[PDB]
Amino acid sequence: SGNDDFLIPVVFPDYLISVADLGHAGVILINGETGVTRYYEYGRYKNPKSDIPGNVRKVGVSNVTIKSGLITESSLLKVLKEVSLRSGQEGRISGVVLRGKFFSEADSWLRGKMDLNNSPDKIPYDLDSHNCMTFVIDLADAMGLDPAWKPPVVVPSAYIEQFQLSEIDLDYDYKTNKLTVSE
Ligand SMILES: [Ca+2]
Ligand SMILES: [Ca+2]
């Protein structure tokens, strides 16, 4: 098909962190030819083999259906509901939809970062500077997608709204199970 791949940074702006050191972030990755879908995120997840806080994790999700280059609304809704329940405290999603040829490179980068979970050289979690949002920004930067400028203090809820100023918006509500894509 030659259809561009999809990278969908997702932020859960109403996610509650509760204890110190707003929102959580993850990323959906979709093969534009096949609809094969991956989800990765970085956060304060348990790891018995590392004493350094912060780990990448992969969450299994359904694949989407691509029809004439587009993701069908229903198949994306199924993934968004999965991600909200499994990673997002059953809250709403604010996202952007990015396009390019990068599926294998993104998959390799994410698996490579996950391979660092037990490394003595793993960069420690930092709520301000090395967190769920900066993981995704660093991925998009690495793909050549030129994400929005990263401030010294990265707040997922604030950053995603900045990112949306220059990209396609994705809004999803878990309670109503409704998706809206907009400029
Ligand atoms: Ca918004
Ligand atoms: Ca926008």
# chains A, B, ... in the order shown; residues from 1 in each chain; ligands from 1
>>> residues_near_ligand(ligand="ligand 1", cutoff="10 Å", atoms="only C-alpha atoms and all ligand atoms", output="list in words")
residues 13, 93, 94, 95, 96, 157, 158, 160, 161, 162, 163, 164, 165, 169, 170, 171 and 182 of chain A
>>> write_last_selection(atoms="N, CA and C atoms", output="PDB file, in the first residue's frame")
ATOM      1  N   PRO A  13      -5.132  12.935  30.949  1.00  0.00           N
ATOM      2  CA  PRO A  13      -4.914  14.154  31.745  1.00  0.00           C
ATOM      3  C   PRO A  13      -5.496  14.088  33.139  1.00  0.00           C
ATOM      4  N   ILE A  93      -8.691  10.360  27.099  1.00  0.00           N
ATOM      5  CA  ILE A  93      -7.410  10.422  26.406  1.00  0.00           C
ATOM      6  C   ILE A  93      -7.354  11.720  25.619  1.00  0.00           C
ATOM      7  N   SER A  94      -6.229  12.426  25.722  1.00  0.00           N
ATOM      8  CA  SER A  94      -5.850  13.481  24.788  1.00  0.00           C
ATOM      9  C   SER A  94      -4.663  12.975  23.981  1.00  0.00           C
ATOM     10  N   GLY A  95      -4.754  13.016  22.642  1.00  0.00           N
ATOM     11  CA  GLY A  95      -3.686  12.491  21.815  1.00  0.00           C
ATOM     12  C   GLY A  95      -3.417  13.354  20.596  1.00  0.00           C
ATOM     13  N   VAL A  96      -2.349  12.996  19.888  1.00  0.00           N
ATOM     14  CA  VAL A  96      -2.075  13.510  18.550  1.00  0.00           C
ATOM     15  C   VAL A  96      -1.827  12.317  17.647  1.00  0.00           C
ATOM     16  N   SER A 157      -0.057  16.679  30.809  1.00  0.00           N
ATOM     17  CA  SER A 157      -1.292  17.342  30.413  1.00  0.00           C
ATOM     18  C   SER A 157      -1.008  18.653  29.688  1.00  0.00           C
ATOM     19  N   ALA A 158      -0.040  19.430  30.183  1.00  0.00           N
ATOM     20  CA  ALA A 158       0.286  20.687  29.518  1.00  0.00           C
ATOM     21  C   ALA A 158       0.943  20.433  28.173  1.00  0.00           C
ATOM     22  N   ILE A 160       0.806  17.858  26.041  1.00  0.00           N
ATOM     23  CA  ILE A 160       0.000  17.317  24.950  1.00  0.00           C
ATOM     24  C   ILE A 160      -0.829  18.416  24.317  1.00  0.00           C
ATOM     25  N   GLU A 161      -1.287  19.382  25.116  1.00  0.00           N
ATOM     26  CA  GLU A 161      -2.064  20.479  24.553  1.00  0.00           C
ATOM     27  C   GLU A 161      -1.196  21.359  23.663  1.00  0.00           C
ATOM     28  N   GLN A 162       0.053  21.605  24.071  1.00  0.00           N
ATOM     29  CA  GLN A 162       1.002  22.275  23.187  1.00  0.00           C
ATOM     30  C   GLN A 162       1.225  21.476  21.907  1.00  0.00           C
ATOM     31  N   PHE A 163       1.402  20.158  22.034  1.00  0.00           N
ATOM     32  CA  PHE A 163       1.658  19.315  20.867  1.00  0.00           C
ATOM     33  C   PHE A 163       0.482  19.370  19.899  1.00  0.00           C
ATOM     34  N   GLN A 164      -0.735  19.434  20.439  1.00  0.00           N
ATOM     35  CA  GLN A 164      -1.933  19.457  19.608  1.00  0.00           C
ATOM     36  C   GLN A 164      -2.043  20.732  18.787  1.00  0.00           C
ATOM     37  N   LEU A 165      -1.355  21.805  19.181  1.00  0.00           N
ATOM     38  CA  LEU A 165      -1.435  23.042  18.401  1.00  0.00           C
ATOM     39  C   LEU A 165      -0.918  22.879  16.976  1.00  0.00           C
ATOM     40  N   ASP A 169      -5.588  16.332  16.328  1.00  0.00           N
ATOM     41  CA  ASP A 169      -6.017  16.047  17.697  1.00  0.00           C
ATOM     42  C   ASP A 169      -6.795  14.743  17.776  1.00  0.00           C
ATOM     43  N   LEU A 170      -6.608  14.020  18.872  1.00  0.00           N
ATOM     44  CA  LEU A 170      -7.429  12.860  19.196  1.00  0.00           C
ATOM     45  C   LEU A 170      -8.007  13.076  20.583  1.00  0.00           C
ATOM     46  N   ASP A 171      -9.324  12.937  20.706  1.00  0.00           N
ATOM     47  CA  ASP A 171      -9.999  12.995  21.997  1.00  0.00           C
ATOM     48  C   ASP A 171     -10.845  11.744  22.162  1.00  0.00           C
ATOM     49  N   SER A 182      -9.879  15.659  15.334  1.00  0.00           N
ATOM     50  CA  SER A 182     -10.131  17.006  14.853  1.00  0.00           C
ATOM     51  C   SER A 182      -8.815  17.652  14.455  1.00  0.00           C
TER      52      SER A 182
END
>>> residues_around(residues="residue A:129", least_positions_apart="2", cutoff="10 Å", atoms="only C-alpha atoms", output="list in words")
residues 125, 126, 127, 131, 132, 133, 134, 135, 150, 151, 152, 153, 154 and 155 of chain A
>>> write_last_selection(atoms="N, CA and C atoms", output="mmCIF file, in the first residue's frame")
data_model
loop_
_atom_site.group_PDB
_atom_site.id
_atom_site.type_symbol
_atom_site.label_atom_id
_atom_site.label_comp_id
_atom_site.auth_asym_id
_atom_site.auth_seq_id
_atom_site.Cartn_x
_atom_site.Cartn_y
_atom_site.Cartn_z
ATOM 1 N N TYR A 125 14.097 7.388 36.879
ATOM 2 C CA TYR A 125 12.863 8.147 36.761
ATOM 3 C C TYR A 125 12.999 9.508 37.443
ATOM 4 N N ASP A 126 12.480 10.547 36.791
ATOM 5 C CA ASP A 126 12.424 11.886 37.373
ATOM 6 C C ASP A 126 11.107 12.522 36.972
ATOM 7 N N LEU A 127 10.291 12.878 37.967
ATOM 8 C CA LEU A 127 8.939 13.354 37.690
ATOM 9 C C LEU A 127 8.927 14.547 36.742
ATOM 10 N N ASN A 131 10.321 11.131 32.390
ATOM 11 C CA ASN A 131 9.037 10.624 32.853
ATOM 12 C C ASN A 131 8.269 10.057 31.673
ATOM 13 N N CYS A 132 6.992 9.762 31.897
ATOM 14 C CA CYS A 132 6.164 9.095 30.902
ATOM 15 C C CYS A 132 6.085 9.924 29.628
ATOM 16 N N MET A 133 6.014 11.238 29.768
ATOM 17 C CA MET A 133 5.871 12.095 28.591
ATOM 18 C C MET A 133 7.194 12.209 27.828
ATOM 19 N N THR A 134 8.303 12.404 28.546
ATOM 20 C CA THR A 134 9.574 12.572 27.845
ATOM 21 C C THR A 134 9.983 11.308 27.097
ATOM 22 N N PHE A 135 9.620 10.127 27.611
ATOM 23 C CA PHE A 135 9.803 8.881 26.864
ATOM 24 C C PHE A 135 9.202 8.991 25.465
ATOM 25 N N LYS A 150 10.452 20.561 24.045
ATOM 26 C CA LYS A 150 10.408 19.942 25.366
ATOM 27 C C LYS A 150 10.941 20.910 26.415
ATOM 28 N N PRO A 151 10.114 21.407 27.329
ATOM 29 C CA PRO A 151 10.611 22.332 28.353
ATOM 30 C C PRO A 151 11.436 21.594 29.393
ATOM 31 N N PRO A 152 12.162 22.318 30.249
ATOM 32 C CA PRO A 152 12.922 21.635 31.307
ATOM 33 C C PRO A 152 12.045 20.877 32.284
ATOM 34 N N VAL A 153 10.787 21.281 32.450
ATOM 35 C CA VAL A 153 9.829 20.598 33.315
ATOM 36 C C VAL A 153 8.660 20.165 32.438
ATOM 37 N N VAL A 154 8.515 18.861 32.242
ATOM 38 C CA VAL A 154 7.567 18.311 31.279
ATOM 39 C C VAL A 154 6.339 17.796 32.016
ATOM 40 N N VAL A 155 5.218 18.482 31.833
ATOM 41 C CA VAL A 155 3.942 18.105 32.433
ATOM 42 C C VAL A 155 3.087 17.462 31.347
#
>>> atom_distance(atom1="atom CA of residue A:114", atom2="atom CA of residue A:59")
12.1 Å
>>> closest_residue(among="A:85, A:148, A:136, A:79", to="ligand 2", atoms="only C-alpha atoms and all ligand atoms")
A:148
>>> atom_distance(atom1="atom CA of residue A:175", atom2="atom CA of residue A:90")
7.9 Å
>>> atom_distance(atom1="atom CA of residue A:78", atom2="atom CA of residue A:65")
10.6 Å
>>> residues_around(residues="residue A:25", least_positions_apart="3", cutoff="7 Å", atoms="only C-alpha atoms", output="JSON, numbers by chain")
{"A": [10, 11, 12, 41, 132, 133, 156]}
>>> closest_residue(among="A:97, A:120, A:40, A:107", to="ligand 2", atoms="only C-alpha atoms and all ligand atoms")
A:97
>>> closest_residue(among="A:6, A:24, A:89, A:98", to="ligand 2", atoms="only C-alpha atoms and all ligand atoms")
A:98
